[PDB]
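First comes the structure, then the notes that go with it.
Structure follows, in structure tokens:
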């Protein structure tokens with residue numbers, strides 16, 4: 005129902021500053037807040053946020069609190085300063101998907117129908133994009149419970165904007181491997197993209213940890229896809245897939261042979277424009 | 142005459158040794174031709190009876206042909222040299238370019254963008 | 283049952299494995315294509331069929347052993363080809 009989410013770097017920074025101002029508790033606190041923004045043309049947008057007071061005792065961890073008076077008036081202010089801005093859902097700091105986040109969402113779905121959550125990172129280390137979001141779906145279905153409900157991850161990325169790209173590219177000043185030539189693709193997707201497929205291959209190995217020893221639910225709806233991946237694994241090298249491969253190598257490299265041939269004569273002409281300024285300059289000036 | 146394929150005119154010169162004996166030399170030249178024809182029996186030949194390629198070296202019919210026919214193939218049968226002319230196993234190799242050309246395409250980009 | 287190398291069965295084998303005559307197995311497979319449980323093509327003069335997609339079934343803790351092991355040496359093949367990348371294109375980008 006929802007294509008994708010769009011997260012701006014403002015709200016990305018507008019959690020971590022709050023994680024620092026509650027980082028003095030030391031023991032345990034998760035940053036849970038209210039996510040503001042719109043969604044237009046079937047694309048979920050994220051613009052603004054704040055954080056709501058929240059505590060959690062370890063024994064009987066089903067007692068949460070959202071001070072809704074703090075939720076009412078501060079959104080009442082933000083609607084007043086920006087009528088275009090509205091609620092879009094909520095978020096939590098999400099180290100490892102805590103347990104209250106099955107009914108935090110159902111507590112505050114009376115404001116947003118598709119009340120989406122956002123899992124963020126507080127310790128940044130990965131080879132990907134450490135911003136997670138799910139969606140709420142329920143089922144009167146197959147085997148688990150008469151009342152069953154499990155979150156499903158919708159794809160997530162950091163969307164840009166013209167006004168913030170001034171500030172985003174100003175605050176970096178560290179490294180930015182621009183000048184896209186023959187080697188930007190070599191590193192953004194040929195060094196890294198092959199190692200992109202590393203952790204996707206390694207992820208199904210982590211599910212494979214249950215061969216006879218792991219957790220008790222076994223498969224039912226996980227293996228129809230895995231049966232297809234080995235089935236839709238690509239065509240072997242016997243057909244004219246051999247021959248049509250050498251066909252295009254004998255076509256694509258022709259253009260490379262022509263273009264490289266051109267590059268020599270161009271720089272050869274530039275050598276002549278430098279001998280016109282050497283021999284015709286020593287006799288004149290000295 | 143050993144450079145080109147000529148073999149008979151080689152042994153016409155083994156009918157013509159004028160100067161001295163030259164015996165130990167042409168016998169090594171026998172031996173390095175014996176494995177050569179036992180090498181070049183392995184071309185694309187059909188059924189040959191036990192007379193035609195039996196006389197291509199010198200020999201009439203000793204058991205020396207069984208020494209060659211059990212060293213290599215062309216199996217002893219009912220007056221037959223069996224041809225295992227397969228030459229089928231090696232082609233359809235995309236991987237050998239796909240390892241080597243992936244090396245070469247990177248080598249194109251080395252002397253293309255980075256200053257040397 | 284057949285591997286992904288061929289999975290190319292003939293009509294005579296269907297006439298063996300289902301003991302049904304030749305003039306009905308073409309009617310049998312067009313029903314199978316129409317319902318959608320299999321997706322392949324049909325030759326008639328060489329009397330073979332190129333089955334490509336089959337319906338996914340269920341399996342016990344023994345078929346995951348095949349899917350563990352066919353996956354496992356495919357891991358290092360991603361390691362091996364990318365090993366050429368960061369070692370040959372190393373000076374292109376630090």
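Residue numbers (the entry's author numbering), protein chains in the order written: chain Z, 5 to 290; chain d, 142 to 257; chain a, 283 to 376. Beta carbons are placed, not taken as given, at the ideal position from N, Cα and C, and that holds for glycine.
Residue j beta carbon less than 8 Å from that of residue i
| i | j | result |
| --- | --- | --- |
| residue 98 (chain Z) | residue 39 (chain Z) | no |
| residue 124 (chain Z) | residue 68 (chain Z) | no |
| residue 34 (chain Z) | residue 145 (chain Z) | no |
| residue 126 (chain Z) | residue 95 (chain Z) | no |
| residue 89 (chain Z) | residue 82 (chain Z) | yes |
| residue 367 (chain a) | residue 195 (chain Z) | yes |
| residue 52 (chain Z) | residue 41 (chain Z) | yes |
| residue 15 (chain Z) | residue 50 (chain Z) | yes |
| residue 9 (chain Z) | residue 160 (chain Z) | yes |
| residue 120 (chain Z) | residue 48 (chain Z) | yes |
| residue 185 (chain Z) | residue 233 (chain d) | no |
| residue 227 (chain Z) | residue 341 (chain a) | yes |
| residue 290 (chain a) | residue 339 (chain a) | no |
| residue 191 (chain Z) | residue 375 (chain a) | yes |
| residue 215 (chain Z) | residue 302 (chain a) | no |
| residue 143 (chain Z) | residue 13 (chain Z) | no |
| residue 246 (chain Z) | residue 195 (chain d) | no |
| residue 139 (chain Z) | residue 165 (chain Z) | no |
| residue 320 (chain a) | residue 344 (chain a) | no |
| residue 230 (chain Z) | residue 208 (chain Z) | yes |
| residue 185 (chain d) | residue 210 (chain d) | no |
| residue 163 (chain d) | residue 150 (chain d) | no |
| residue 65 (chain Z) | residue 104 (chain Z) | yes |
| residue 237 (chain d) | residue 370 (chain a) | no |
Whole-angstrom C-beta distance between residue j and residue i, which should lie under 8 Å
| i | j | result |
| --- | --- | --- |
| residue 153 (chain d) | residue 178 (chain d) | Contact flag wrong, Cβ pair sits at about 16 Å. |
| residue 403 (chain a) | residue 334 (chain a) | This structure cannot settle anything about residue 403 (chain a), because the visible part of chain a is limited to 283 through 376. |
| residue 56 (chain Z) | residue 37 (chain Z) | 6 Å |
| residue 6 (chain Z) | residue 163 (chain Z) | In fact, because the Cβ distance is near 14 Å, the residues do not count as touching under 8 Å. |
| residue 297 (chain a) | residue 304 (chain a) | 6 Å |
| residue 364 (chain a) | residue 198 (chain Z) | 4 Å |
| residue 234 (chain Z) | residue 352 (chain a) | 7 Å |
| residue 96 (chain d) | residue 167 (chain d) | For chain d, the structure presents residues 142 to 257; residue 96 (chain d) sits outside this window and is missing. |
| residue 212 (chain Z) | residue 350 (chain a) | 6 Å |
Within-8 Å CB hit, residue i to chain C
| i | result |
| --- | --- |
| residue 255 (chain d) | The structure shown contains no chain C; its protein chains are Z, d and a. |
Alpha helix (DSSP H) runs wholly inside the region 175-202 of chain Z, at least 4 long, in chain order: none
Against chain a: residues of the region 167-197 of chain Z by CB proximity under 8 Å: So the close ones are 181, 187, 190, 191, 194, 195.
Members of the region 232-245 of chain Z that neighbour chain d once the beta carbon cut-off is set at 7 Å: 241, 242
Could you list the residues in the region 205-222 of chain Z with a C-beta less than 9 Å from some C-beta on chain a, going in chain order? Taken in chain order, the members of the region 205-222 of chain Z whose beta-carbon sits within less than 9 Å of a beta-carbon on chain a are 205, 206, 208, 209, 212, 214, 215, 216, 222.
Does the region 209-226 of chain d come within contact of the region 187-197 of chain d, defined as at least 3 CB pairs closer than 8 Å? yes
Ordered list of beta strand (DSSP E) runs contained in the region 123-153 of chain Z, each at least 3 residues: Taken in chain order, the complete beta strand (DSSP E) segments of 3 or more residues contained in the region 123-153 of chain Z are 136-143.
Scan the region 166-199 of chain d for residues whose Cβ lies nearer than 8 Å to a Cβ of chain Z and list them as they occur along the chain. Listed by position along the chain: nothing, the set is empty.
Please give the ranges of any alpha helix (DSSP H) in the region 49-86 of chain Z, keeping only runs that are unbroken, at least 4 residues long and fully inside the region. DSSP runs (the alpha helix (DSSP H)) wholly in the region 49-86 of chain Z: 72-85.
List in chain order: all unbroken alpha helix (DSSP H) runs of 4+ residues lying wholly within the region 198-267 of chain Z. Counting only runs of 4 or more, we get 227-233.
Which of the residues in the region 339-366 of chain a, read from start to end, lie with their CB under 8 Å from any CB of chain d? 363, 366
Against chain a: residues of the region 127-149 of chain Z by CB proximity under 7 Å: none
Counting Cβ pairs, one atom from each stretch, are 3 or more of them under 8 Å apart for the region 258-274 of chain Z and the region 229-245 of chain Z? no
Against chain Z, which members of the region 239-251 of chain d pass a CB distance test of less than 7 Å? 250
Got a sec: which bits of the region 284-302 of chain a sit with their beta carbon under 9 Å from any beta carbon on chain d, in order along the chain? For the region 284-302 of chain a, which is checked against every Cβ of chain d, not one residue is closer than 9 Å.
Does the structure place the region 197-215 of chain Z close enough to the region 169-183 of chain Z that three or more beta carbon pairs sit under 8 Å? no
Any chance the region 132-148 of chain Z sits against the region 201-217 of chain d, with 3 or more Cβ pairs inside 8 Å? no
Unbroken beta strand (DSSP E) runs of length 3 or more, entirely within the region 326-369 of chain a: which are they? Listed in chain order, the complete beta strand (DSSP E) runs (minimum 3 residues) inside the region 326-369 of chain a are 331-336.
So if I threshold CB-CB distances at 8 Å, which residues from the region 264-286 of chain Z count as touching chain a? Against chain a - using a Cβ distance shorter than 8 Å - the region 264-286 of chain Z contributes no residues.
With 8 Å as the C-beta to C-beta threshold (strictly closer), list the residues of the region 305-326 of chain a near chain Z in chain order. none
Going residue by residue through the region 157-225 of chain d, where are the continuous alpha helix (DSSP H) segments of at least 4 residues, counting only ones entirely within it? 164-181, 205-212
Counting only Cβ-Cβ distances shorter than 7 Å, please list the residues of the region 203-233 of chain d near chain Z, keeping chain order. 233
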